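Working notes for the structure below.
The values are calculated or read from the model by the stated rules, or taken from the named source; no laboratory instrument gave them. Cβ sites come from the backbone with ideal geometry, for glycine too, and all protein chains shown count toward neighbours.
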Amino acid sequence: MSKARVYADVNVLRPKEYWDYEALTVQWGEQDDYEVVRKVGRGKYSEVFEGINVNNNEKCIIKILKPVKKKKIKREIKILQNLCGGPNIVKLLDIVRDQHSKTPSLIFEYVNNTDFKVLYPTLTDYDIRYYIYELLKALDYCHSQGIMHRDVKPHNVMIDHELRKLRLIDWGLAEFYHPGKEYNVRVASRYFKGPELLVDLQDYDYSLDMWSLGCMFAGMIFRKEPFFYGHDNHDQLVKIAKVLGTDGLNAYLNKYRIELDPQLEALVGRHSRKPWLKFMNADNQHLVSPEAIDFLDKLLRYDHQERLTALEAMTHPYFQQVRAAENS
Ligand SMILES: N#Cc1cnn2c(Nc3ccccc3)nc(NCc3ccc(Cl)cc3)nc12
């Protein structure tokens, strides 16, 4: 059995109105209020367009959803509403649907994002600490509100580099945390899936997002996209084991009485732990200081219970200049 070490009782103490999302009655806005200006992305669940609010002429993001279950859509909407106004949490502006096709569209605030594939390589040491700190704010906030994002990755972190503004988006996989509840491990994107998901540990918690954040952090300071590059869920665990080592994995599995599928256990094999500095090179030298390594080490732990919480991460000395700057 496993439970979160913080914010475990948030949804226990709050009224059903807060977490009983299936009771939500969607209030639709007016589709004609928003017009498409250009497509900016696509995905398995939606088509994304930069749009504009014809009323106030303000930019927005229109996500036209592909067929989705009433249950799933209400969950994303309820969570967005609960987190409204939180630090760096994307704002849901409106919800509309096309009467004839019944196609729903979610309207979000616009963020002039620079593809991480091009942005990250230009980030300085300070930029990295700054943006990761900002992302942490959003995570501690949602976790403090009894919610797990479950899909933290560069594609879901919008950044207007010019304005140094960051927003954590796409809460379609997020879930409310309930002590002891068994969740579906089929969440997050492969390169950012934590060990718990890869070994089928279902009673995971907020800590899952901290592994994901760590993967992003490792990618930034080591200049690797992504850091753990696996081809399928089994290979993903292998790539991880080849870094943290199998000793740590076995200890993890024995602590939670988990048995790897024979094939998987066969693929992982046996590996030694590799020091983080073995990934340093002339390209990521100006970014891999001892503080960065110490912080990364405390995030990428097999045991989700050992990882820093978002609040702890924000206080790590690695971020001291970012904190000092803010309190000005
Ligand atoms: N909610 C919300 C949300 C807010 N902004 N936003 C943006 N902004 C944007 C603006 C200009 C160019 C590209 C994106 N894109 C996407 N989704 C599309 C997308 C495109 C590229 C990448 Cl890398 C990630 C996401 N979702 C959102």
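Structural remarks
- In segment 203-212, the condition of being surrounded by fewer than 19 Cβ atoms within 10 Å (Cβ to Cβ) and in a helix (DSSP H, G or I) is met by no residue.
- Those residues of segment 151-170 which are in a helix (DSSP H, G or I) and either outside the structural domain of residue 207 (by CATH) or within 22 Å of residue 311 (Cβ to Cβ) (or both), in sequence order: 156
- Residues in segment 20-30 that are touching a residue at least 40 places away in the same chain (Cβ under 8 Å) and within 30 Å of residue 178 (Cα to Cα) were compared, and the one that is nearest to the chain's Cα centre (by Cα) is 21.
- In segment 101-115, the residues that are in contact (Cβ under 8 Å) with a residue 60 or more places away in the chain reach residues that are outside any strand (DSSP E or B) and within 8 Å of the ligand (Cβ to nearest atom) with C-beta atoms within less than 6 angstrom, at least six apart or across chains, in these pairs: 108/90.
- Those helices (runs of 4 or more DSSP H) of segment 268-328 in which at least 1 residues are surrounded by 14 or more Cβ atoms within 10 Å (Cβ to Cβ) and touching a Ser or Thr at 6+ places or on another chain (Cβ under 9 Å), considering only elements entirely within it, cover 310-315, 320-326.
- The residue that is nearest to the ligand (Cβ to nearest atom), among those in segment 107-117 that are surrounded by 14 or more Cβ atoms within 10 Å (Cβ to Cβ) and not in a loop (DSSP other than H, G, I, E, B), is 108.
To keep it simple, each residue is scored yes or no on (1) surrounded by fewer than 21 Cβ atoms within 10 Å (Cβ to Cβ); (2) touching a residue at least 60 places away in the same chain (Cβ under 8 Å); (3) not assigned by CATH to the domain that holds residue 48; (4) not in a loop (DSSP other than H, G, I, E, B).
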{"site": "119", "(1), (2), (3), (4)": "yes, no, yes, yes"}
{"site": "172", "(1), (2), (3), (4)": "no, yes, yes, no"}
{"site": "181", "(1), (2), (3), (4)": "yes, no, yes, no"}
{"site": "185", "(1), (2), (3), (4)": "yes, no, yes, no"}
{"site": "227", "(1), (2), (3), (4)": "no, no, yes, no"}
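- Residue ID - nearest to the ligand (Cβ to nearest atom), chosen from residues in segment 151-190 that are within 15 Å of residue 89 (Cβ to Cβ) and of a type in the set (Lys, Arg): 167
- Residues that are more than 25 Å from the chain's Cα centre (by Cα), basic (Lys, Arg) and within 11 Å of the ligand (Cβ to nearest atom) occur at least once in segment 31-52.
- Some residue of segment 138-150 being in a helix (DSSP H, G or I), aromatic (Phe, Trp, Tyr) and buried (at least 20 other Cβ atoms within 10 Å of the Cβ): no
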